[PDB]
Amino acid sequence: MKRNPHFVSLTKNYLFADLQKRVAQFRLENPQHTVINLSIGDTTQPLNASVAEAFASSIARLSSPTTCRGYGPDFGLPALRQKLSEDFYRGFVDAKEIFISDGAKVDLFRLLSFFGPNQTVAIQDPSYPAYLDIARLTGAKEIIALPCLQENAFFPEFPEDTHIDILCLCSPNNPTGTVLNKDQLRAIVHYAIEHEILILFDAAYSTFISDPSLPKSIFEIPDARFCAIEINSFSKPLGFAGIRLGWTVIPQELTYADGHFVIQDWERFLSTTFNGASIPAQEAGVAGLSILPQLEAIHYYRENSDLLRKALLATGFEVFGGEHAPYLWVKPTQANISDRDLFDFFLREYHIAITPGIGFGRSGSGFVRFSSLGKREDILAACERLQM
């Protein structure tokens, strides 16, 4: 066997692994300098109680002799496909267009592998680092970075006459924490149809959206069904620890250049390469959809975000995002801390670990990403250090 060449292009980093070992390093050499890590995370948040109950009840069902498979589909439990259609998508998407998977990282990889090698793929800049790697691994001819800058309300800057096959969009965005609004999405969809671009719309942070005016799905947007696919899943920090579940939406209307429907090939691809999500995870998901309006956890984290924003602004920082996603995209203004300086700057001046914007790509230059997903104690501490 020869080595895979699609493979040799990789180096990734890993951005967060390296930042983590560096935080550990700093902790070694600064034992009395207590560090509030906002560069990532908080796990520890437990599986929601009613979700867990449903999961166990499904297990109890599986162990009794009836029973019952249930091999799915394949495409998912009808009850989950239907509940996603109705409650999650507010009727914008039909049950038959929803394909249940075990999560949004696998799905992106399945989708990019489904579309094949030699595609040119555009991604927002700053970029979700996972995307570039999957793009390279699935054999992209080129990756085109699309500057999203606050001066443009984060609308991606499309390159003049450059061929794009796939546009990956993450909204709410990692790292900017911003959301493309209805007007912005309408223009992007119009742009995509005009240039024969397929949109992969990653909406995994959509539960974080906090004004009901904003779109939650790209299928709220005129003409999206002729050029877009959505991927989504439950947010672990919101209480889905242990639930391996996601979904992909393929509109009935979406076609290849020759008029073949994407959905028919996707169905065949999935059947050939995939066994379905587990029955208990799916039944847990049905119960998850029910408590999604409730969720005290979302409120807890929006509080974290508001707490952070105020401190940051009061210290003369410029703050973007954080309203509709668990990230704040933060610009000093300035003391001209260079890109290679930023991480040490925040550690040394505030004992706060962040992720420097530049690790996310060139348009991250000058910025830092704050994670809102942490204990209230750590957030409050962080606000003290900034208030000094």
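Numbering starts at 1 and follows the sequence shown.
A summary of the deposited B-factors shows that, of 69-77 and 121-129, the stretch with the larger mean C-alpha value is 69-77. Taking the mean C-alpha B-factor of each stretch as recorded, 174-182 and 304-312 are not equal, and the higher mean is that of 304-312. Looking only at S217, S278, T162, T248, the residue with the top Cα B factor in the deposited structure is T162.
Sort the chain's modelled residues by C-alpha temperature factor and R110 lands in the lowest third, per the entry.
Sorting the modelled residues of the chain by their CA temperature factor places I298 in the highest third.
Compared with the other modelled residues of the chain, the Cα B-factor recorded for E157 ranks in the middle third. Among all modelled residues in its chain, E97 ranks in the lowest third by Cα B-factor. Ranked against the other modelled residues of its chain, the C-alpha B-factor of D202 as given in the entry falls in the lowest third.
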